[PDB]
Amino acid sequence: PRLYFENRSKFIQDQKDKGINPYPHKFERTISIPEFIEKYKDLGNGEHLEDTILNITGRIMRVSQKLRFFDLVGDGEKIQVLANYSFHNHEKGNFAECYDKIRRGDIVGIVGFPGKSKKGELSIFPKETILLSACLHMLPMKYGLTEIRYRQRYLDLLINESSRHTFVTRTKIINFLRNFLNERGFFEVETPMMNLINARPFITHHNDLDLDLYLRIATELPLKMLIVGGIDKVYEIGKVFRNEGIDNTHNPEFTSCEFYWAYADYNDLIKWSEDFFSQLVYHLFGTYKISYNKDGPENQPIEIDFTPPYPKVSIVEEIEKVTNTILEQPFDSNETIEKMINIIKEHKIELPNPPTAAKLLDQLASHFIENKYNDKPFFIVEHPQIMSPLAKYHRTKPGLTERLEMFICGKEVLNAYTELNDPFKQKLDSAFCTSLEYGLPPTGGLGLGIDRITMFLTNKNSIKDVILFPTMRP
Amino acid sequence: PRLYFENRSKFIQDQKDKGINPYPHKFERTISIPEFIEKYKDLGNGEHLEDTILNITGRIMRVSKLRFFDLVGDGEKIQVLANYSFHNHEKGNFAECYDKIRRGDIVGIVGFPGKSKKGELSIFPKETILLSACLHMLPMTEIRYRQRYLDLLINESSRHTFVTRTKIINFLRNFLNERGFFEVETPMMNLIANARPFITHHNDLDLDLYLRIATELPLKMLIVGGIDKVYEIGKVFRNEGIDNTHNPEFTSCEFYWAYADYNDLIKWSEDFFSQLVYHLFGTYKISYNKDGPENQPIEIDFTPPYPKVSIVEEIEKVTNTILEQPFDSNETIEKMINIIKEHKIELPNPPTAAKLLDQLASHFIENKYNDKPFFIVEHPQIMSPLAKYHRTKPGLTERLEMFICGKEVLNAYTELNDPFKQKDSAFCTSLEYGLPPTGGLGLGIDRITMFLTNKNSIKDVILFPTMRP
Ligand SMILES: C[C@@H]1CCC[C@H](C[C@@H]2Cc3cc(O)cc(O)c3C(=O)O2)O1
Ligand SMILES: C[C@@H]1CCC[C@H](C[C@@H]2Cc3cc(O)cc(O)c3C(=O)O2)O1
Ligand SMILES: N[C@@H](CCCC[NH3+])C(=O)O
Ligand SMILES: N[C@@H](CCCC[NH3+])C(=O)O
């Protein structure tokens with residue numbers, strides 16, 4: 001009843017006073033729990049491997065006359081502990097005084113032999129049990145977990161069995177991406193997180209240079225510079241910081257991977273995306289199809305099919321076609337801008353302030369196009385050069401660029417394009433523009449939204465679920 | 001100077017004006033330069049394979065009826081041997097084409113593989129487009145760190161450096177993963193080691209956040225969560241001084257090993273460093289120019305085991321003094337401060353017991369060896385707030401630090417888990433939920449790279465080091 005702590009703290013101090021160390025230095029375990037289940041799951045009911053002493057450790061998660069049961073968890077797997085007065089080595093002390101000290105949450109060292117119960121329960125049978133690290137608080141009951149999960153993540157990880165899955169998956173995702181690129185000749189680099197130079201940035205102050213720096217909003221410019229350097233296939237997975245608002249799909253600090261492929265272009269990157277996504281999902285599910293609760297764990301889930309190829313939708317054409325309106329170039333012209341503001345009002349969507357063309361197009365696309373498909377990922381392609389300042393101009397469609405955005409359930413996870421490489425047509429940094437002048441070969445570059453990808457492949461509604469310690473208000 | 005540019009700027013506008021695109025969208029290459037060298041290195045001199053048309057790209061880096069070039073791709077050079085005989089004059093005039101190709105230019109080449117009468121491996125072109133023009137004059141200081149891209153292009157070893165750095169990180173990742181470890185990302189910004197933080201403001205939360213100075217606290221929490229083998233390779237931000245061995249943002253790996261201890265973490269370190277060095281050289285011994293490429297190199301030997309030198313014992317034994325505990329007593333502080341003046345070393349201000357032990361160690365132990373890496377073990381508790389108390393030696397902790405050529409590259413120890421002896425609120429609370437016996441270790445990736453690439457300065461091992469404008 002929440003005063004357990006003071007009790008437990010006193011007991012610890014009492015243990016110290018009686019000369020016993022309750023936080024011992026090293027216990028030499030000879031096997032882990034996942035191994036123990038792997039090694040011993042094929043013993044027959046009631047069988048004991050009486051002549052196999054093992055040193056094993058875990059965390060007690062249920063303390064169940066002269067006999068005691070326990071639940072021992074470790075690396076996310078449990079076995080049972082069957083301590084028996086008959087089997088206890090009495091030289092180490094009074095059996096019932098030894099086990100009456102063990103609480104739920106306690107971390108223990110067990111010297112015993114591997115066996116099974118009459119029921120066929122795989123267990124370990126100890127001669128000796130030592131307390132290695134005690135749990136002083138009252139641990140939440142199995143399925144007793146809100147907003148405790150995000151602050152006290154360790155508690156989430158210990159009680160809620162799927163929580164470990166989420167984060168194991170997350171790493172399998174990154175491990176994949178790393179290999180997928182490395183196999184394809186790519187070369188992982190580190191670029192600076194702090195700099196002198198579209199999103200509002202985080203600002204911080206360097207002391208020994210007495211200068212205000214800006215935490216990076218992407219990894220684009222330094223990466224492109226390395227292509228100039230002759231590192232033809234280059235990539236970086238890392239944190240990036242944007243100072244905008246927070247929601248279920250947005251978090252101020254988030255993981256992103258960008259790569260730059262020299263001599264490639266739009267079409268190569270479309271192939272890349274399709275190849276990567278389909279394979280990744282298959283690597284994790286043995287199928288290109290997954291279930292996904294778009295509306296929540298209470299509502300019916302939808303099915304997403306990752307079988308390539310995926311649908312391509314052109315940004316301009318589609319909006320025209322959905323509204324029966326035609327949008328004359330330049331898109332920033334007074335006739336065309338005023339036309340869009342009419343469409344935003346005529347369909348009653350929230351209007352962006354300030355109303356600049358590219359910002360009006362994004363909101364239009366956002367409402368009309370971005371919910372075209374939920375059952376498969378799809379691309380929105382060939383964005384106008386006004387939305388796409390660093391992208392190469394479309395080689396046949398004037399005004400547009402060779403740009404792609406991939407969408408899963410209406411949210412953006414990928415963004416790539418052919419890199420504008422002619423320094424003249426680049427109408428940002430002095431160093432960057434200087435690099436262009438030294439010759440950037442035809443390049444195609446892409447970026448992934450790791451956390452959003454992780455959300456979809458772990459069936460989560462909130463980005464906070466797939467980040468270990470999300471940035472939260474106190 | 002500037003004129004070279006102005007001319008090339010115009011040569012572009014002229015080519016654009018003339019109906020030719022000097023920056024085309026795509027070129028369909030079928031082989032890379034390293035691949036070209038692999039498949040065709042065994043050709044006999046002067047022998048051609050005129051019936052194998054290949055598409056190749058690269059950068060022109062030397063310009064010699066016949067026109068010679070050097071084409072570089074991914075860190076290797078091959079010769080372009082342009083011959084009036086093979087030139088497809090339907091595309092353009094042989095001379096009117098190759099006259100406009102300057103040094104630095106990136107070009108697409110359609111030709112065939114073969115060697116010159118000399119036996120030199122070349123590429124024999126029919127057509128040669130301009131893929132991306134180089135406007136500035138390439139050099140034949142402070143340019144290296146500012147414009148790394150030039151450095152990677154001209155200096156052949158600059159690439160070997162950064163390739164080695166990536167090989168080093170990859171090695172580490174596999175080493176840990178192979179051993180059951182689990183890579184994570186703990187948050188880059190926090191609400192709260194001993195070092196000055198970077199501070200920044202989040203607008204929409206209206207809250208001021210500190211950039212992480214270490215990964216120690218949130219990793220240790222995950223061990224509480226049951227992730228018994230957890231790690232992170234990532235940047236850490238310390239708002240400190242800058243020099244050959246310090247850079248406000250650097251790359252660290254911290255890993256946390258539940259059920260291990262001080263003794264295991266030595267074996268781990270000895271194992272890892274030896275194995276890494278053998279991976280990159282095929283020998284446990286390397287050469288390192290401590291004083292510079294002009295002065296004689298010393299030899300660094302990575303054969304296990306390495307020496308363990310006890311920090312208190314060693315200072316004591318070296319100065320003929322004893323330092324009575326507590327080290328923070330008026331008695332012992334004065335005895336320390338006196339040794340600092342008596343051997344004309346810089347006194348740290350504030351002179352706290354913890355910092356005076358540091359400088360004393362810094363001068364009197366930290367250059368004990370240079371021909372082998374060595375550990376400094378058993379630091380006092382007043383130096384080691386997160387380190388578990390030594391199990392036989394009162395006042396000491398179960399800590400280790402490993403040094404190569406006077407510089408610290410590894411800091412590790414048995415973790416303190418008795419939340420009582422821990423004299424962040426989130427972090428403190430977790431220890432109350434039970435942190436098992438754990439070992440835990442940190443590496444300086446940027447320094448380790450300096451030593452394994454023979455480099456005097458941390459800047460040489462960072463692609464775009466943070467400079468003054
Ligand atoms: C670098 C990647 C490229 C693919 C799409 C994503 C788009 C969003 C933008 C974004 C902005 C933001 O302020 C916070 C975010 O988590 C995210 C996010 O989840 O990724 O960005
Ligand atoms: C956290 C890691 C553990 C291993 C040793 C290094 C210690 C030094 C400290 C340090 C501080 C600093 O402000 C900048 C640095 O590059 C370095 C560095 O290279 O490593 O730190
Ligand atoms: N920097 C882009 C991703 C890569 C686009 C291609 N250079 C973004 O964050 O949207
Ligand atoms: N956080 C330590 C490295 C880990 C030492 C063992 N917990 C440091 O900043 O150097």
# chains A, B, ... in the order shown; residues from 1 in each chain; ligands from 1
>>> interface_residues(of="chain B", to="chain A", cutoff="7 Å", atoms="only C-alpha atoms", output="VMD selection string")
chain B and resid 23 25 to 27 73 to 74 106 131 to 136 149 to 150 152 to 153 166 183 to 184 186 to 187 198 to 204 221 to 222 224 to 228 239 to 241 259 to 261 418 432 to 437 463 to 464 468
>>> residues_around(residues="residue A:323", least_positions_apart="6", cutoff="10 Å", atoms="only C-alpha atoms", output="PyMOL selection string")
chain A and resi 343+347+368
>>> residues_around(residues="residue A:415", least_positions_apart="5", cutoff="8 Å", atoms="only C-alpha atoms", output="PyMOL selection string")
chain A and resi 403-406+446-448
>>> write_last_selection(atoms="C-alpha atoms", output="PDB file, in the first residue's frame")
ATOM      1  CA  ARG A 403      10.456  14.352 -56.986  1.00  0.00           C
ATOM      2  CA  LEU A 404       8.716  11.623 -54.985  1.00  0.00           C
ATOM      3  CA  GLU A 405       6.957  11.291 -51.641  1.00  0.00           C
ATOM      4  CA  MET A 406       5.842   7.813 -50.445  1.00  0.00           C
ATOM      5  CA  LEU A 446      16.361   9.900 -50.636  1.00  0.00           C
ATOM      6  CA  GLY A 447      15.273  10.256 -46.996  1.00  0.00           C
ATOM      7  CA  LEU A 448      13.335   7.923 -44.695  1.00  0.00           C
TER       8      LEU A 448
END
>>> select_by_dssp(residues="stretch 401-460 of chain B", states="alpha helix (DSSP H)", output="VMD selection string")
chain B and resid 425 to 434 445 to 452
>>> write_last_selection(atoms="N, CA, C and O atoms", output="PDB file, in the first residue's frame")
ATOM      1  N   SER B 425      16.019  12.664 -11.160  1.00  0.00           N
ATOM      2  CA  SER B 425      15.029  12.045 -10.290  1.00  0.00           C
ATOM      3  C   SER B 425      14.473  10.787 -10.932  1.00  0.00           C
ATOM      4  O   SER B 425      14.170   9.822 -10.237  1.00  0.00           O
ATOM      5  N   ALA B 426      14.317  10.822 -12.257  1.00  0.00           N
ATOM      6  CA  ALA B 426      13.838   9.682 -13.041  1.00  0.00           C
ATOM      7  C   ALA B 426      14.821   8.530 -12.932  1.00  0.00           C
ATOM      8  O   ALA B 426      14.436   7.392 -12.636  1.00  0.00           O
ATOM      9  N   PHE B 427      16.093   8.840 -13.166  1.00  0.00           N
ATOM     10  CA  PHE B 427      17.166   7.873 -13.007  1.00  0.00           C
ATOM     11  C   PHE B 427      17.269   7.295 -11.599  1.00  0.00           C
ATOM     12  O   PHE B 427      17.343   6.084 -11.442  1.00  0.00           O
ATOM     13  N   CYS B 428      17.294   8.155 -10.583  1.00  0.00           N
ATOM     14  CA  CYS B 428      17.353   7.710  -9.188  1.00  0.00           C
ATOM     15  C   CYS B 428      16.224   6.758  -8.841  1.00  0.00           C
ATOM     16  O   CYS B 428      16.454   5.744  -8.184  1.00  0.00           O
ATOM     17  N   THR B 429      15.014   7.085  -9.286  1.00  0.00           N
ATOM     18  CA  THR B 429      13.843   6.259  -9.031  1.00  0.00           C
ATOM     19  C   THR B 429      14.024   4.845  -9.580  1.00  0.00           C
ATOM     20  O   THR B 429      13.716   3.862  -8.890  1.00  0.00           O
ATOM     21  N   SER B 430      14.534   4.741 -10.808  1.00  0.00           N
ATOM     22  CA  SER B 430      14.745   3.440 -11.444  1.00  0.00           C
ATOM     23  C   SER B 430      15.613   2.487 -10.612  1.00  0.00           C
ATOM     24  O   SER B 430      15.261   1.320 -10.440  1.00  0.00           O
ATOM     25  N   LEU B 431      16.728   2.983 -10.075  1.00  0.00           N
ATOM     26  CA  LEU B 431      17.568   2.184  -9.160  1.00  0.00           C
ATOM     27  C   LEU B 431      16.779   1.557  -7.987  1.00  0.00           C
ATOM     28  O   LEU B 431      17.126   0.459  -7.498  1.00  0.00           O
ATOM     29  N   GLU B 432      15.723   2.257  -7.554  1.00  0.00           N
ATOM     30  CA  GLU B 432      14.818   1.738  -6.543  1.00  0.00           C
ATOM     31  C   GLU B 432      14.001   0.525  -7.023  1.00  0.00           C
ATOM     32  O   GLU B 432      13.506  -0.285  -6.223  1.00  0.00           O
ATOM     33  N   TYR B 433      13.850   0.410  -8.336  1.00  0.00           N
ATOM     34  CA  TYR B 433      13.128  -0.709  -8.929  1.00  0.00           C
ATOM     35  C   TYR B 433      14.057  -1.913  -9.191  1.00  0.00           C
ATOM     36  O   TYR B 433      13.603  -3.010  -9.520  1.00  0.00           O
ATOM     37  N   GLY B 434      15.357  -1.703  -9.037  1.00  0.00           N
ATOM     38  CA  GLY B 434      16.266  -2.818  -8.974  1.00  0.00           C
ATOM     39  C   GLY B 434      17.149  -2.905 -10.174  1.00  0.00           C
ATOM     40  O   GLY B 434      16.707  -3.370 -11.210  1.00  0.00           O
ATOM     41  N   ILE B 445      35.178   7.262 -29.842  1.00  0.00           N
ATOM     42  CA  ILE B 445      35.357   6.769 -31.216  1.00  0.00           C
ATOM     43  C   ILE B 445      36.350   7.638 -31.983  1.00  0.00           C
ATOM     44  O   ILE B 445      37.250   7.117 -32.665  1.00  0.00           O
ATOM     45  N   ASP B 446      36.205   8.957 -31.836  1.00  0.00           N
ATOM     46  CA  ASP B 446      37.060   9.917 -32.542  1.00  0.00           C
ATOM     47  C   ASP B 446      38.538   9.800 -32.142  1.00  0.00           C
ATOM     48  O   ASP B 446      39.415   9.936 -32.991  1.00  0.00           O
ATOM     49  N   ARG B 447      38.824   9.501 -30.875  1.00  0.00           N
ATOM     50  CA  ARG B 447      40.226   9.359 -30.462  1.00  0.00           C
ATOM     51  C   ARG B 447      40.834   8.043 -30.938  1.00  0.00           C
ATOM     52  O   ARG B 447      41.950   8.020 -31.469  1.00  0.00           O
ATOM     53  N   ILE B 448      40.102   6.949 -30.731  1.00  0.00           N
ATOM     54  CA  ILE B 448      40.508   5.626 -31.215  1.00  0.00           C
ATOM     55  C   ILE B 448      40.850   5.698 -32.708  1.00  0.00           C
ATOM     56  O   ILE B 448      41.850   5.137 -33.144  1.00  0.00           O
ATOM     57  N   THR B 449      40.034   6.417 -33.477  1.00  0.00           N
ATOM     58  CA  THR B 449      40.310   6.635 -34.893  1.00  0.00           C
ATOM     59  C   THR B 449      41.630   7.397 -35.156  1.00  0.00           C
ATOM     60  O   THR B 449      42.389   7.033 -36.061  1.00  0.00           O
ATOM     61  N   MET B 450      41.904   8.436 -34.363  1.00  0.00           N
ATOM     62  CA  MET B 450      43.160   9.172 -34.458  1.00  0.00           C
ATOM     63  C   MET B 450      44.368   8.254 -34.366  1.00  0.00           C
ATOM     64  O   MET B 450      45.314   8.367 -35.154  1.00  0.00           O
ATOM     65  N   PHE B 451      44.340   7.348 -33.395  1.00  0.00           N
ATOM     66  CA  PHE B 451      45.474   6.461 -33.167  1.00  0.00           C
ATOM     67  C   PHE B 451      45.597   5.360 -34.209  1.00  0.00           C
ATOM     68  O   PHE B 451      46.702   5.009 -34.594  1.00  0.00           O
ATOM     69  N   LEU B 452      44.475   4.843 -34.692  1.00  0.00           N
ATOM     70  CA  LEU B 452      44.505   3.794 -35.711  1.00  0.00           C
ATOM     71  C   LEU B 452      44.678   4.312 -37.149  1.00  0.00           C
ATOM     72  O   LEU B 452      44.777   3.518 -38.090  1.00  0.00           O
TER      73      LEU B 452
END
>>> closest_atom_pairs(of="chain B", to="ligand 4", cutoff="10 Å", atoms="only C-alpha atoms and all ligand atoms", output="JSON lines")
{"residue": "B:193", "atom": "CA", "partner": "ligand 4", "partner_atom_place_in_ligand_line": "9 (O)", "distance": 5.1}
{"residue": "B:194", "atom": "CA", "partner": "ligand 4", "partner_atom_place_in_ligand_line": "9 (O)", "distance": 8.2}
{"residue": "B:195", "atom": "CA", "partner": "ligand 4", "partner_atom_place_in_ligand_line": "9 (O)", "distance": 9.1}
{"residue": "B:213", "atom": "CA", "partner": "ligand 4", "partner_atom_place_in_ligand_line": "9 (O)", "distance": 7.1}
{"residue": "B:214", "atom": "CA", "partner": "ligand 4", "partner_atom_place_in_ligand_line": "1 (N)", "distance": 5.0}
{"residue": "B:215", "atom": "CA", "partner": "ligand 4", "partner_atom_place_in_ligand_line": "1 (N)", "distance": 6.2}
{"residue": "B:216", "atom": "CA", "partner": "ligand 4", "partner_atom_place_in_ligand_line": "1 (N)", "distance": 4.7}
{"residue": "B:217", "atom": "CA", "partner": "ligand 4", "partner_atom_place_in_ligand_line": "1 (N)", "distance": 8.1}
{"residue": "B:219", "atom": "CA", "partner": "ligand 4", "partner_atom_place_in_ligand_line": "7 (N)", "distance": 9.3}
{"residue": "B:220", "atom": "CA", "partner": "ligand 4", "partner_atom_place_in_ligand_line": "7 (N)", "distance": 8.3}
{"residue": "B:236", "atom": "CA", "partner": "ligand 4", "partner_atom_place_in_ligand_line": "9 (O)", "distance": 9.0}
{"residue": "B:252", "atom": "CA", "partner": "ligand 4", "partner_atom_place_in_ligand_line": "3 (C)", "distance": 8.5}
{"residue": "B:253", "atom": "CA", "partner": "ligand 4", "partner_atom_place_in_ligand_line": "3 (C)", "distance": 8.3}
{"residue": "B:254", "atom": "CA", "partner": "ligand 4", "partner_atom_place_in_ligand_line": "4 (C)", "distance": 5.8}
{"residue": "B:255", "atom": "CA", "partner": "ligand 4", "partner_atom_place_in_ligand_line": "4 (C)", "distance": 7.7}
{"residue": "B:256", "atom": "CA", "partner": "ligand 4", "partner_atom_place_in_ligand_line": "7 (N)", "distance": 7.5}
{"residue": "B:257", "atom": "CA", "partner": "ligand 4", "partner_atom_place_in_ligand_line": "7 (N)", "distance": 9.9}
{"residue": "B:262", "atom": "CA", "partner": "ligand 4", "partner_atom_place_in_ligand_line": "6 (C)", "distance": 9.9}
{"residue": "B:265", "atom": "CA", "partner": "ligand 4", "partner_atom_place_in_ligand_line": "6 (C)", "distance": 9.9}
{"residue": "B:384", "atom": "CA", "partner": "ligand 4", "partner_atom_place_in_ligand_line": "5 (C)", "distance": 9.6}
{"residue": "B:386", "atom": "CA", "partner": "ligand 4", "partner_atom_place_in_ligand_line": "7 (N)", "distance": 7.1}
{"residue": "B:387", "atom": "CA", "partner": "ligand 4", "partner_atom_place_in_ligand_line": "7 (N)", "distance": 7.2}
{"residue": "B:399", "atom": "CA", "partner": "ligand 4", "partner_atom_place_in_ligand_line": "6 (C)", "distance": 8.1}
{"residue": "B:400", "atom": "CA", "partner": "ligand 4", "partner_atom_place_in_ligand_line": "5 (C)", "distance": 8.8}
{"residue": "B:401", "atom": "CA", "partner": "ligand 4", "partner_atom_place_in_ligand_line": "5 (C)", "distance": 9.0}
{"residue": "B:408", "atom": "CA", "partner": "ligand 4", "partner_atom_place_in_ligand_line": "10 (O)", "distance": 9.6}
{"residue": "B:409", "atom": "CA", "partner": "ligand 4", "partner_atom_place_in_ligand_line": "10 (O)", "distance": 9.1}
{"residue": "B:410", "atom": "CA", "partner": "ligand 4", "partner_atom_place_in_ligand_line": "10 (O)", "distance": 7.5}
{"residue": "B:411", "atom": "CA", "partner": "ligand 4", "partner_atom_place_in_ligand_line": "5 (C)", "distance": 4.9}
{"residue": "B:412", "atom": "CA", "partner": "ligand 4", "partner_atom_place_in_ligand_line": "6 (C)", "distance": 4.0}
{"residue": "B:413", "atom": "CA", "partner": "ligand 4", "partner_atom_place_in_ligand_line": "6 (C)", "distance": 5.1}
{"residue": "B:414", "atom": "CA", "partner": "ligand 4", "partner_atom_place_in_ligand_line": "6 (C)", "distance": 7.5}
{"residue": "B:415", "atom": "CA", "partner": "ligand 4", "partner_atom_place_in_ligand_line": "7 (N)", "distance": 6.5}
{"residue": "B:416", "atom": "CA", "partner": "ligand 4", "partner_atom_place_in_ligand_line": "7 (N)", "distance": 9.3}
{"residue": "B:438", "atom": "CA", "partner": "ligand 4", "partner_atom_place_in_ligand_line": "7 (N)", "distance": 9.3}
{"residue": "B:439", "atom": "CA", "partner": "ligand 4", "partner_atom_place_in_ligand_line": "6 (C)", "distance": 7.3}
{"residue": "B:440", "atom": "CA", "partner": "ligand 4", "partner_atom_place_in_ligand_line": "6 (C)", "distance": 4.3}
{"residue": "B:441", "atom": "CA", "partner": "ligand 4", "partner_atom_place_in_ligand_line": "6 (C)", "distance": 4.2}
{"residue": "B:442", "atom": "CA", "partner": "ligand 4", "partner_atom_place_in_ligand_line": "3 (C)", "distance": 3.9}
{"residue": "B:443", "atom": "CA", "partner": "ligand 4", "partner_atom_place_in_ligand_line": "3 (C)", "distance": 7.1}
{"residue": "B:444", "atom": "CA", "partner": "ligand 4", "partner_atom_place_in_ligand_line": "10 (O)", "distance": 8.4}
>>> write_last_selection(atoms="N, CA and C atoms", output="compact mmCIF listing (two decimals), in the first residue's frame")
# COMPACT_ATOMS: atom_id res chain seq x y z
N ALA B 193 28.29 12.63 -16.39
CA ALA B 193 29.64 13.15 -16.25
C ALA B 193 29.66 14.56 -15.64
N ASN B 194 30.86 15.07 -15.36
CA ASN B 194 31.03 16.47 -14.99
C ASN B 194 31.60 17.25 -16.17
N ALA B 195 30.70 17.90 -16.92
CA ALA B 195 31.06 18.80 -18.03
C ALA B 195 29.91 19.77 -18.35
N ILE B 213 25.20 14.84 -22.43
CA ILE B 213 26.65 14.88 -22.29
C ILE B 213 27.20 13.46 -22.21
N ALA B 214 26.28 12.52 -21.94
CA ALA B 214 26.55 11.08 -21.94
C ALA B 214 25.26 10.28 -22.17
N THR B 215 25.39 8.96 -22.30
CA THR B 215 24.23 8.06 -22.51
C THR B 215 24.07 7.12 -21.33
N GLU B 216 24.93 7.32 -20.33
CA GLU B 216 24.98 6.49 -19.13
C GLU B 216 23.63 6.29 -18.44
N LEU B 217 22.90 7.38 -18.17
CA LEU B 217 21.70 7.27 -17.33
C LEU B 217 20.53 6.58 -18.02
N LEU B 219 20.60 4.46 -20.66
CA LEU B 219 20.99 3.05 -20.87
C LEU B 219 20.83 2.22 -19.61
N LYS B 220 21.31 2.73 -18.46
CA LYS B 220 21.22 1.98 -17.19
C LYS B 220 19.77 1.69 -16.81
N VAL B 236 27.70 12.96 -28.54
CA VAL B 236 27.46 13.57 -27.21
C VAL B 236 28.00 14.98 -27.22
N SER B 252 30.57 8.71 -29.29
CA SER B 252 30.86 7.74 -28.25
C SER B 252 30.01 6.50 -28.36
N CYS B 253 30.58 5.39 -27.93
CA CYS B 253 29.85 4.17 -27.73
C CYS B 253 29.87 3.85 -26.24
N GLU B 254 28.69 3.73 -25.66
CA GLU B 254 28.56 3.22 -24.31
C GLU B 254 27.73 1.96 -24.37
N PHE B 255 28.22 0.90 -23.72
CA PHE B 255 27.48 -0.34 -23.66
C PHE B 255 27.35 -0.80 -22.23
N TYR B 256 26.27 -1.52 -21.94
CA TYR B 256 25.97 -1.93 -20.58
C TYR B 256 25.64 -3.40 -20.46
N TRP B 257 26.42 -4.04 -19.60
CA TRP B 257 26.49 -5.48 -19.51
C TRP B 257 26.06 -5.92 -18.13
N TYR B 262 33.82 -5.06 -13.34
CA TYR B 262 35.17 -4.54 -13.53
C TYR B 262 36.11 -5.58 -14.19
N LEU B 265 35.13 -6.42 -17.85
CA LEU B 265 35.24 -5.27 -18.74
C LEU B 265 36.67 -5.01 -19.16
N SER B 384 34.53 9.16 -8.70
CA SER B 384 33.72 8.19 -9.40
C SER B 384 32.33 8.07 -8.79
N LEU B 386 29.36 7.48 -9.99
CA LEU B 386 28.44 6.46 -10.51
C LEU B 386 29.00 5.04 -10.41
N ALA B 387 30.28 4.94 -10.06
CA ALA B 387 30.99 3.68 -9.95
C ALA B 387 30.81 2.98 -8.59
N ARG B 399 36.69 0.82 -11.01
CA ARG B 399 36.75 1.57 -12.27
C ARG B 399 38.02 1.26 -13.06
N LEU B 400 37.95 1.46 -14.38
CA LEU B 400 39.11 1.33 -15.24
C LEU B 400 39.07 2.39 -16.31
N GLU B 401 40.23 2.88 -16.70
CA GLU B 401 40.37 3.86 -17.78
C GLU B 401 41.54 3.40 -18.62
N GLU B 408 43.07 9.52 -23.09
CA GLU B 408 42.04 8.61 -22.56
C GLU B 408 41.10 8.18 -23.70
N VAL B 409 40.95 6.88 -23.94
CA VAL B 409 39.98 6.42 -24.95
C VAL B 409 38.84 5.55 -24.41
N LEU B 410 39.00 5.02 -23.20
CA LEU B 410 38.01 4.14 -22.59
C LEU B 410 37.82 4.43 -21.10
N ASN B 411 36.57 4.60 -20.69
CA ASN B 411 36.21 4.77 -19.29
C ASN B 411 35.06 3.83 -18.95
N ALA B 412 35.34 2.89 -18.04
CA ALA B 412 34.43 1.80 -17.70
C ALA B 412 34.46 1.47 -16.20
N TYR B 413 33.46 0.73 -15.73
CA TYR B 413 33.40 0.31 -14.32
C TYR B 413 32.22 -0.58 -13.94
N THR B 414 32.33 -1.21 -12.77
CA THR B 414 31.19 -1.87 -12.12
C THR B 414 30.22 -0.78 -11.69
N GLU B 415 28.96 -0.96 -12.03
CA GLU B 415 27.96 0.04 -11.73
C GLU B 415 27.43 -0.04 -10.32
N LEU B 416 27.21 1.12 -9.73
CA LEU B 416 26.70 1.21 -8.38
C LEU B 416 25.20 1.03 -8.43
N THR B 438 25.91 -4.91 -12.78
CA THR B 438 26.16 -4.51 -14.16
C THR B 438 27.56 -3.92 -14.35
N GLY B 439 28.15 -4.24 -15.48
CA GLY B 439 29.36 -3.59 -15.96
C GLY B 439 28.96 -2.67 -17.09
N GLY B 440 29.83 -1.74 -17.42
CA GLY B 440 29.46 -0.61 -18.27
C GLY B 440 30.70 0.13 -18.69
N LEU B 441 30.75 0.49 -19.97
CA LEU B 441 31.98 0.92 -20.58
C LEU B 441 31.68 1.99 -21.60
N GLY B 442 32.62 2.90 -21.79
CA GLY B 442 32.47 3.98 -22.74
C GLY B 442 33.71 4.05 -23.61
N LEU B 443 33.53 4.43 -24.87
CA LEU B 443 34.65 4.61 -25.79
C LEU B 443 34.59 5.99 -26.44
N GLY B 444 35.77 6.55 -26.74
CA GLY B 444 35.86 7.74 -27.56
C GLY B 444 36.19 7.31 -28.98
>>> residues_around(residues="stretch 110-125 of chain B", least_positions_apart="3", cutoff="7 Å", atoms="only C-alpha atoms", output="PyMOL selection string")
chain B and resi 41+43-50+52-56+78-82+86-87+128
>>> write_last_selection(atoms="C-alpha atoms", output="short mmCIF file (atom, residue, chain, number, x, y, z; two decimals), in the first residue's frame")
data_model
loop_
_atom_site.label_atom_id
_atom_site.label_comp_id
_atom_site.auth_asym_id
_atom_site.auth_seq_id
_atom_site.Cartn_x
_atom_site.Cartn_y
_atom_site.Cartn_z
CA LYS B 41 43.76 -5.88 -65.03
CA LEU B 43 45.04 -7.87 -70.23
CA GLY B 44 48.33 -8.13 -72.12
CA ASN B 45 50.03 -4.90 -73.22
CA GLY B 46 48.59 -3.15 -76.28
CA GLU B 47 45.81 -5.75 -76.40
CA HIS B 48 42.32 -4.37 -76.99
CA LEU B 49 38.78 -5.69 -76.58
CA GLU B 50 37.29 -3.36 -79.19
CA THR B 52 33.12 -4.71 -75.69
CA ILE B 53 31.42 -1.29 -75.59
CA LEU B 54 31.22 -0.08 -71.97
CA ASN B 55 29.60 2.92 -70.26
CA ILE B 56 31.89 4.49 -67.63
CA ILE B 78 42.49 4.55 -64.91
CA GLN B 79 43.80 6.06 -68.13
CA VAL B 80 41.60 7.49 -70.87
CA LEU B 81 43.26 6.90 -74.25
CA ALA B 82 41.27 8.93 -76.79
CA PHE B 86 37.82 5.09 -82.46
CA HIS B 87 36.14 8.52 -82.21
CA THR B 128 32.77 11.58 -74.21
#
